[PDB]
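Heads up, what comes next is one protein chain in two forms, each shown on its own as structure tokens, labelled structure 1 and structure 2.
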Structure 1
């Protein structure tokens, strides 16, 4: 049964996930491996996420460093697992998104797959989003088909919910097509605030949020954002959720304590998920939570509250650690590419139809 590596750096950017799966009758996780990303690499990536000078050269240099790190992680994992590269059929590389502009019909992942193949000695499948975009799609999210393969059940209406930077839900309804969409903010505003305020990369354990007090007025002005009304195919904020967007809202209201702002941001995520989810699937029996936000104890409470009809739990309860779900999916996408099975869900992305996603860079 073939083995794959999945390689990603998400939108949180503290490091690189590497997973090893076996794709037999089902997808089995064999091993996991996390590397820290140097702070400099994280900032240089974030410096490419907004328009700037000399981007071609800058991106090429950044991408060399990102690939070097990935290959390093792959080497460490294989050695530690007593495995040779020849035991791995392919790497599925998510790359690093520096610009996602589906409305301008483009998405940009860097991560020089050719150099990744050179360094690793393993075939690499990368560049998964662009075929979806070329076919009129949003290029995202790409995890629903994997989610469906993992948790596709006729006996239960399930929502698979990834809380990364942004929140995306896969709606698995018995006797129906797979639906899904980015619900909006996950950790990203909470990351942005504690970063601006104190220089921390994220709010660990949602602790600083926990200390604060939700501001019902500010929350109402955030949830007032028209974005939430937008339905159907949607990816990574139809209103780019950022700190300039937040600060604009803050000034209008009275001066609030930072901790309260953090508590409000937490409630915003909880609320926007609940309502974007139940609106599309009121029948939801189970919410399977993955991504970093699955660790946020407070956030996980509020989801359970706001969705009383559904059982809300980490994917750990269904035998898949939440930290590794996205990487496992990119390993799976490498499999789908090699088998010429469709990677996208056209009803999720809004593409014209099913497509083979990715490109093969052979070792």
Structure 2
């Protein structure tokens, strides 16, 4: 019954997820701890997601504040759980993606794991993505293995679907190796648009999206990106799908209401997920939705209707809160590293084969 911490901080930059798990015969969630991202740090992370000056100095100092916050949250969670650091075997830390360039064969995650070990007094397993990339893979997604271990079922063809900043799906097909790929944007554009407009961080329950009307021509134009055509191992991020990208599409088209664009963005996510998922697993019987997109009532409804042959529900029904799936997954990967068990799925990432993912920074 070794206990592990998982630290995830996704591209939505909403905040830091910290989970505690017990890894026995099955993965149990013991506790969760959410740290909202400070305004300043969120914006400084966003400033590192595009090319710019003095990045090495800037990232180091952003890194220091990120780790300091992570260690604060870990300390908080342990005290509130009446357990010491000694009772935790290791922290699994994803870090923070500031650049993802699989075409150029690199992915950049910050989160100085040495400093995280020093501050927490706990062994840290981190930097899980770079060995997969080194093995020719996309480096993303890395949860499918975990999704397999949780929800691997012979009797059903399940698709486990994360909807964070970006969407990604794990295809659990009886008989066949685990498949998976980034579907496209999840909340990233819906958040970015309501931020450029107005100045909010996200659209609660997708209520602003539901107030507007879809523009079918715009939808067509957005779906005409090369990434949606591509199949098999692929990944994406803020490099491709961002506000500039959207504005470039809005330029050639005429002027539309802002809510209609938001509605179009919701549909863009629903349709990209639906069509890419159903292309890969037309036999799908259950879509299990995790990540913060699970809480979007407008989005979830649309997925159910665009995939009528499937039962679309969040992972809550199956015992695991959708908020903490990624955090639990990286806790699990620290386990996998310490037992020398493969981290990646080759037919997900496109790597040469299975690889032990991560590096060990001991306390």
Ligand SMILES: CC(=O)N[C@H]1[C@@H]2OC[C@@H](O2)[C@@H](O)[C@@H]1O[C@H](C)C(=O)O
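Numbering follows the first chain given and starts at 1. Between two forms, the rigid core is the largest collection of C-alphas that superpose within 1.5 Å.
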{"query": "Structure corresponding to the form solved without the ligand", "finding": "1"}
{"query": "Core-superposed comparison between structures 1 and 2: the option from 131, 179, 238, 89 whose CA moves 2 angstroms or more", "finding": "238"}
{"query": "Core-fitted comparison between structures 1 and 2 - CA shift at residue 226, Å", "finding": "2.9"}
{"query": "Between structures 1 and 2, how far the Cα of residue 66 shifts once the core is aligned, in Å", "finding": "0.2"}
